[PDB]
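Before any questions on binding or motion, here is one chain by itself as structure tokens, the form deposited without the named molecule.
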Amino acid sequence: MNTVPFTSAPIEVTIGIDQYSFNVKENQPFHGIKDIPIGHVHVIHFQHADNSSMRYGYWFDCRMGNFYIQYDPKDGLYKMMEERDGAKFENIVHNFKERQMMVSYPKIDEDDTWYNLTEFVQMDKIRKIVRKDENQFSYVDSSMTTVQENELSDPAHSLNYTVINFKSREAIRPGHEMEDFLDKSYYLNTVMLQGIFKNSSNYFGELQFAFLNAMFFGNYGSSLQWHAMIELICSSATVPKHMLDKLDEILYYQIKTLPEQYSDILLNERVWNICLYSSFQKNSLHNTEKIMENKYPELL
């Protein structure tokens, strides 16, 4: 079990860790989050009581070091930092627990939600999508733009997702125009799976990180990336059996975990009606299809 201490909480903010979150009042003695399950990535995120705009947060992994939160009053926000002095860090943590000013990561033992949402997410890959390599954790917020969005401005703050575009030379072999555009198996399997992602686990990991950023920060370009990555599988007539079964699990927990009230901007009506009902893989998402219909029959 690991801990993320907070120096203080000077401003009224809603703090989220993974799918959980807490209201914290201006200068409430709040001093961290304990009992964080080792073995997965995590994200801590913030929304100030005064600015319900710009949700932000830090993807991290406690195996990679000791991290803590400190409010910066110049830049106006909660900053994740690393403490390099191992001894000095366990000293802050043990004293805050003793004083019992920390919340416990509130995991039900029956619950594999976080694992299913993050199965294939690896911190090494996150830090290639969010390049800032003087930190072991990664910053994301509501406003950050993707490399594909930028192409149609500041690259230091960009989400360097893999560019997917169905009407590109990359996607379409000369001479197989009609073939490759109606059946994307070429683009998925040779260009993306074998060529760029190397394996399906890196693909699923990006897909899931994209979803998660859409969900926790309303990052619009992230939602576009997740949709595009589902769409390419469902529009491929030839997909490994193991990917299809897994995709149906992955989406199922993403749909399960979405707030009910956000289904209008985070869910692309066209993509889902194509994937579930028109695509090659209509019949291969039995759990994703059942959950969508019994929960959002309107969008379909």
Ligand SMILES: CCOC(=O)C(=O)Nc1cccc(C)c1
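Note that residue numbering begins at 1 and tracks the sequence as displayed.
What comes next is about the form solved in complex with the named molecule, which is not displayed.
Looking at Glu83, you'd find a heavy atom of it within 4.5 angstroms of the named molecule in the entry with it bound. For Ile92, a non-hydrogen atom is located within 4.5 Å of the named molecule in the entry with it bound, even though that partner is not displayed. Along 1-34, these residues reach a heavy atom to within 4.5 Å of the named molecule in the entry with it bound: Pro5, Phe6, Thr7.
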